[PDB]
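Undergrad: Fold the stuff below for me.
(2 chains)
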Number of protein chains: 2
Amino acid sequence: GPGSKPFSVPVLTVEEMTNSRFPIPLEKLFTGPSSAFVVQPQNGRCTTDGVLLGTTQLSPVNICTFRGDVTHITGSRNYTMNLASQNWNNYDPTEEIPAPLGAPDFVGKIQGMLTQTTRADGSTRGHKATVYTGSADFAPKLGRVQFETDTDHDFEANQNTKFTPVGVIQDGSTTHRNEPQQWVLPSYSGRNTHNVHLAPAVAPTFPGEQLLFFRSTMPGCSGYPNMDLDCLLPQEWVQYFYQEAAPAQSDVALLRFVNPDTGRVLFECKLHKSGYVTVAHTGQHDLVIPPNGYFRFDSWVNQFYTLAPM
Amino acid sequence: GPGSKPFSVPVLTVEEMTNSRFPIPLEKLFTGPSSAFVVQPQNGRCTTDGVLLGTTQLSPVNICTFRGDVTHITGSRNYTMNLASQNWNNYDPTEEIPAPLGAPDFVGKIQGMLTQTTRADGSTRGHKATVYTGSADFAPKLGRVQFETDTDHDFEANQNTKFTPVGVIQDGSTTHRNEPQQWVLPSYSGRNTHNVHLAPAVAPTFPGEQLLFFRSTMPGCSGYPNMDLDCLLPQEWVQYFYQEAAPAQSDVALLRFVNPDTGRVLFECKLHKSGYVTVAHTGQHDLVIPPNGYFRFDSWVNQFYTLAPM
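TA: Residues are numbered from 1 along each chain as shown, chains lettered A, B, ... in the order given. Sharing the structure here:
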């Protein structure tokens, strides 16, 4: 970037920031144990010195979008989308990425709208549509995704078509909140293929520590979905580290979460250079924060620094 | 004072950035005359020293969203939404802004989805919905808007409801591309009321200059809409100026648009302190830019600096 500032984090409140895993605002901070799952999201991954990882790209509005053109599957209301790149050029499967940037990084049924414009006359059309990212034929890395829609006839072939995500759904005849599964990665090249070029899984290692999650509630569109969505970094931090690209002077940036209403620190945390945050706590806990609170970088420390409990 | 923290613009390409007037990426740059109509958008308004204006707020995903509770209009598929604030608290109509932050700043028919969760059991529902921002009863400043939907019964009252925008429609006539009207501000308190606390209208005043517009194509959902959408500043520039808060040393920052493939400047432009851009050109022109090109601040200059023609 064009500046010449030492390392910092942005002065932004949680509510001023955006989830890096779905195009919705952040609402709250949450910490819980993670030994019972694998935490390997591919969106919202960036080192503190500005290296984008996984499927992470810069604008939050592109997260969980797809673009391309569609072909109807006869005898259904389903369509295959042959993907374009984000700027409508040809999609290139040989790029060293797990999937097109911004592709969904969790297994679930994401609902939104497919929209389309006919080039010759500028006629337009749009329908509700869902992508099941755990389906065998979800293969964005190969350039193909299938959508279930509300039409069997009202999309043209060979015309620009976009999917805009809105929320998630669940089958209400089944155990409530059984999906989405935010920590289950899709198989980006389809069932029984191996993902490539992934951002690594993350876990706290220091005793007494847990991940700190930046949490939103995904809109629900049908049934009884699990709408919790946790990201490792706000999108604005991805954007800021990309732009600043300040070298990490140690493995960990010590951050204090400041309450400007009282002038006191509420808690401190470790921002790991590979791009995730830990805190000293044991158990599930919804943090209760001043709405005008923000994070502040105070010191470079190592991974063996002992945090004050919160 | 002299020696103030240096101003800059981010190193981001047009395609890496986001429209500040609808939650979609930027696609291109455009210049044309604007003397016959008023250019007074309320989103994407910020001074170079970081003062947000109009209805402008920080995250692009919130633009053209609404949140609140809904009330069915008997005998129709229409719902009144009684607005909440962006963080689900009560909305305050006496705040010194034109309308809730991020509200639409153009007259048009915006289609998306209304989604809702019932608190007691986590049941959910989602439906297509259109808001007409030129409607007599479009009064977001007062805390009320109307949505035409695809249901007459499947929303509950007194439960959190969100509108997520997707794109625009055209109907009510056979004249193509006559709407949306991107430079017509809504009457934010309803028909025959006066708007308040507006960001000012902008115009080129220097002979031979025109505004430079940051352009996207809104998705279309029905009919033959005009999908052009021009903002005065990318959302990332709003975010960056807010965060950096570098003092303006004059009223005009000279930017050069750099082509890293050649090392040479393609064009130069004026970034006015009050937050818009002009170029020296006469006529309508779609700029042909290298996709990796970006803007670079080179100097503060005087109001009446003469730009190189482009």
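
Undergrad: Close to chain B: what parts of the stretch 201-310 of chain A are there?
TA: Residues of the stretch 201-310 of chain A lying near chain B by CB under 8 Å from any CB of the partner chain: A:219-225, A:227, A:236, A:239-240, A:243, A:291. (C-beta placed from N, C-alpha, C; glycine too.)

Undergrad: which one is whatever residue of the stretch 51-200 of chain A ends up closest to chain B nearest to, not counting chain neighbours?
TA: Using CB to the nearest CB, the point where the stretch 51-200 of chain A gets nearest to chain B is residue A:124, with a distance of 2.9 Å. Nearest residue to residue A:124 in three dimensions, chain neighbours excluded: residue B:220, at 2.9 Å (CB to CB, 6 or more residues apart in numbering or on different chains).

Undergrad: right, and the one you found touches residue B:227 too?
TA: Yes. Proximity of residue B:220 to residue B:227 meets the contact threshold set by CB atoms under 8 Å, at 5.4 Å.

Undergrad: so what are the domain limits for chain A?
TA: Using curated CATH domains, the domain parsing of chain A gives A:1-62+A:176-310, A:63-175.

Undergrad: Take these and write them to TSV, including mean neighbour count.
TA: TSV is the format used below for the domains of chain A (neighbours: other CB atoms under 10 Å in any protein chain shown):
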stretch	mean neighbour count
domain A:1-62+A:176-310	19
domain A:63-175	19
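
Undergrad: Out of the residues of the stretch 201-310 of chain A next to chain B, which sit inside strands?
TA: Here DSSP state E is the test, and those give A:220-223 as lying in strands.

Undergrad: from these, which is closest to residue B:258?
TA: residue A:221 (43.8 Å; CB to CB).

Undergrad: Find the nearest non-adjacent residue to the closest one, please.
TA: Residue A:221 sits nearest to residue B:126 (CB to CB, 6+ apart), 3.2 Å away.

Undergrad: Can you name the residues bridging to the one you found?
TA: Beta bridges link residue B:126 to residue B:115, judged by DSSP bridges.

Undergrad: isn't it right up against residue A:223?
TA: No. Counting by CB under 8 Å, residue B:126 stays clear of residue A:223, with 10.2 Å between them.

Undergrad: Tell me the residues that contact both of those two, please.
TA: Contact criterion CB atoms under 8 Å, 6 or more residues apart in numbering or on different chains; residues shared by residue B:126 and residue A:223: residue A:169.

Undergrad: where do the strands sit along the stretch 1-150 of chain A?
TA: Per DSSP state E, counting those that start in this stretch, the stretch 1-150 of chain A carries strands over the ranges A:28-32, A:66-72, A:78-83, A:109-117, A:124-132, A:144-149.

Undergrad: for the second one, packing partners?
TA: It stands for strand A:66-72. strand A:78-83, strand A:161-169 (3 or more CB pairs under 8 Å, 6 or more residues apart in numbering or on different chains; DSSP states H and E).

Undergrad: now the third one
TA: Judged by 3+ CB pairs under 8 Å, 6+ apart, the packing partners of strand A:78-83 are strand A:66-72, strand A:144-149.

Undergrad: export these to a markdown table and tack on distance to residue B:92?
TA: Listed next are the helices and strands packed on strand A:78-83 as a markdown table, based on distance: least, CB to CB, whole Å:
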| stretch | distance to residue B:92 |
| --- | --- |
| strand A:66-72 | 38 |
| strand A:144-149 | 40 |
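
Undergrad: Make CSV from the helices and strands packed on strand A:66-72 and add distance to residue A:149 to it.
TA: Output for these, formatted as CSV (distance: least, CB to CB, whole Å):
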stretch, distance to residue A:149
strand A:78-83, 6
strand A:161-169, 10
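
Undergrad: Who are the contact partners of the nearest residue to residue A:10 once chain neighbours are set aside?
TA: Using CB to CB, 6+ apart and skipping the chain neighbours, the partner closest in space to residue A:10 is residue A:240 (5.0 Å). Applying CB under 8 Å, 6+ apart to residue A:240 gives the contacts A:9-10, B:243.

Undergrad: now, which of those sits nearest residue B:160?
TA: Nearest to residue B:160 out of the contacts of residue A:240 is residue A:10 (CB to CB; 28.3 Å).

Undergrad: That closest one contacts residue B:245, correct?
TA: No. In this structure residue A:10 lies outside contact range of residue B:245 using CB under 8 Å: 11.7 Å.
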